[PDB]
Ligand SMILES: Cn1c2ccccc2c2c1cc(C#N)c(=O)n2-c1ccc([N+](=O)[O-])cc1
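Quick setup: one chain, the form deposited without this ligand, written in C-alpha cells, and binding and motion questions come after.
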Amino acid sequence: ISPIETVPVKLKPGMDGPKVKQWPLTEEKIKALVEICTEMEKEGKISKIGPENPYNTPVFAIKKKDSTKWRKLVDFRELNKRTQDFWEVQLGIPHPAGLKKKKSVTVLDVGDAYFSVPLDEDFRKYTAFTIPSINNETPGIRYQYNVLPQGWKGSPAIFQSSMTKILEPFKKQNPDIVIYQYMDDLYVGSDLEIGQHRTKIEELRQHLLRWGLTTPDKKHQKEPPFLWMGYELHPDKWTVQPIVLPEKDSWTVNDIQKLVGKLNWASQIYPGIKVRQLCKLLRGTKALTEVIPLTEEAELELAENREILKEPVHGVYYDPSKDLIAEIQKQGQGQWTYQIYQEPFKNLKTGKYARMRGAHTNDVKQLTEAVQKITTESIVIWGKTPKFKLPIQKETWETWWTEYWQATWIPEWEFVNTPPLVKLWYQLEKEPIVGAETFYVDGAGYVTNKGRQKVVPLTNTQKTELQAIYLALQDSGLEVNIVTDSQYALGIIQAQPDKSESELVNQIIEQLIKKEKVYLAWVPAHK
C-alpha cells in the first residue's frame, strides 16, 4: 500500500471534473451506506472531505450478491469519460496450448487489490461521493477515494502496472519461477519439487504482504483440475469445459447464435466441427424472436456435429525442444480443418478455416489463405511458424504459383497423401491449337471458320455470354480455340474457380472437365 508509488493521472485537455446531483435514497439504504463508509474510513480507504470541493459522483446502494446487506456501488461514467485514455490492458487470455508443463502450479488471487494500490493526490479530489441525509436537514456526508476506485477506466491498467513493479524484484531473485498474471490473479509455476515450491510461494506471499497485497492462505489455495475461462486445465492435459448442445426443436436467431458460438469454441480441441450451414442461416438479419426453419443441410450439419461432440478429447501442453507440425485436411467445400501436433496423435490445438462468405476461389488459393492463418495464430500463441503438411501436390503448387498474378508464399511444407487431393480441375492452355475449330462468341452464338452460326433471344431486360462460353464448350468438341468479346468471362475462367458455387460455372466446369485443350483469347470490341 504505502510503498506502492502513484501514477500521474490527469483529465483530458479542456474538461472539468464531474459534477452530478445525488438523488434521495431510502432510510435502510442510507444507514447501510453510512455504516459501510464508516468502516472504510476506519480502514482508511476513504477520507472525509470538506464542502469546498464541488466535485461529486453519485452513489448507489445495491444488495450484496446473495446478501441482505447493502453493498456500495459508485457510478463512474462521467469521470470515466473525462479521463486521459490509459494504455488498454491486454484483452487476450493466454491460450492453454502455449503453456509449458511444470511440476507444480498454484493460483494466487490477490484480495482487494484495487483497494490496495493507491491513487494520485491530485486526482483524489474528483473521486468524491456524497451519502445523502434524510429530511434535507444537512447536505449530507462527503468522502473521497485515497485508493484506486472500482469501475474507473484506469483501475485495471494502474493495478497491472503496480503489480508488475512489485513482482519484478522477485522475478530477478528467482528466475526459474514463471508468474503469469491475468486480471487480479497471479498464476505461479516452478519446476522445483513441492517441498521447495511451498516455501517459495510462502516467500512470494510475504513479499506481497510487505508491499501490502493480501494473498490466500496455503489451505485455501485451489487444487487441480482448474476451471479457467472455459478451459479445464488438468495436470497433463487441457480440455474445453463440457459443452452440451441445446435439443430445442424450434430455434430462434439468438439460439442459433449461441449454438454457433459454442460450436466454434468447441472447434479448438474437437476435430471436424462444421458450422458453415448454421452461419449461412444466421446471415439473414432478423429479430431474435424470429424462428428460422432448419434446412435439411443444416440438420445434417447439426447431426454430425452432435455426433462429434459425443466423444471426449484432450490437448497437450507445449514442449519447447520439439518442432511444431501442422496438418490441413479439406473436410468439404470451403471447410478446411487444421491440426497442430508436436508428436503424432497428440493434438495441441485443432481448428477450422471457414470459407470467406460470398467468395468463390480456387481450392489452392483457399489453401494458401489457410496456411497464412495457421502461421499467424501459431506466431501469436507459440512464437514459431509450423512445418506444414498439405494435400496439394508440389507440381500443382508450382504451376499455380507461377501462373497466378499476386505474390503467394507458404512456409516449409511436405506432401501427405490423403483424400481429397486438391488440384486444378482444368489447366487452360495459353497457346492455340492447330487443326482445331476456331470459335467466336458474342453476348449467344457460335460463329465459326467452318461456317456454322446460331442466335440466342437475349432478354430485353451478360450471363448469355457466359452461357455462350458454356455453349461454346459442348458445341465445339475436344479441341477448341475460342475468343471472347468481354474480359469478364475470360477473368472468371482464368481464375480457375473449382468452387462450383453457381449453376453457370457448374455447367462450364462440367463441360470442360474432360476437354483436353481449350484456349481462350480476348479480342477487343471492334468499332
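Residues carry their position along the shown sequence, with the first being 1.
Not pictured, yet referred to below: the form solved in complex with this ligand.
**Q.** Heavy atom distance at most 4.5 Å to this ligand in the bound PDB entry, all of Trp336, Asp363 and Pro419
**A.** No: none of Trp336, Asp363 and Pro419 comes within 4.5 Å of this ligand in the bound PDB entry.
Q. Which residue among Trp251, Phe159, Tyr126, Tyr143 has a heavy atom within 4.5 angstroms of this ligand in the bound PDB entry?
A. Selected option: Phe159.
Q. Which listed residue (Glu304, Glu369, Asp184, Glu203) meets the criterion of a heavy atom within 4.5 Å of this ligand in the bound PDB entry?
A. In short, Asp184.
Q) Applying a 4.5 Å heavy atom distance criterion, does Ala113 contact this ligand in the bound PDB entry? A) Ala113: contacts this ligand in the bound PDB entry.
(Q) in the bound PDB entry, does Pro139 come within 4.5 Å of this ligand, counting heavy atoms only? (A) Result no; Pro139 lies far from this ligand in the bound PDB entry.
(Q) Just checking whether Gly151 would be counted as a contact of this ligand in the bound PDB entry - the rule being heavy atoms within 4.5 angstroms. (A) Answer yes; at least one heavy atom of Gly151 falls within 4.5 Å of this ligand in the bound PDB entry.
Q: Answer with yes or no whether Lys322 is in contact with this ligand in the bound PDB entry, where contact means some heavy atom within 4.5 Å.
A: Heavy-atom contact with this ligand at 4.5 Å: absent for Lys322.
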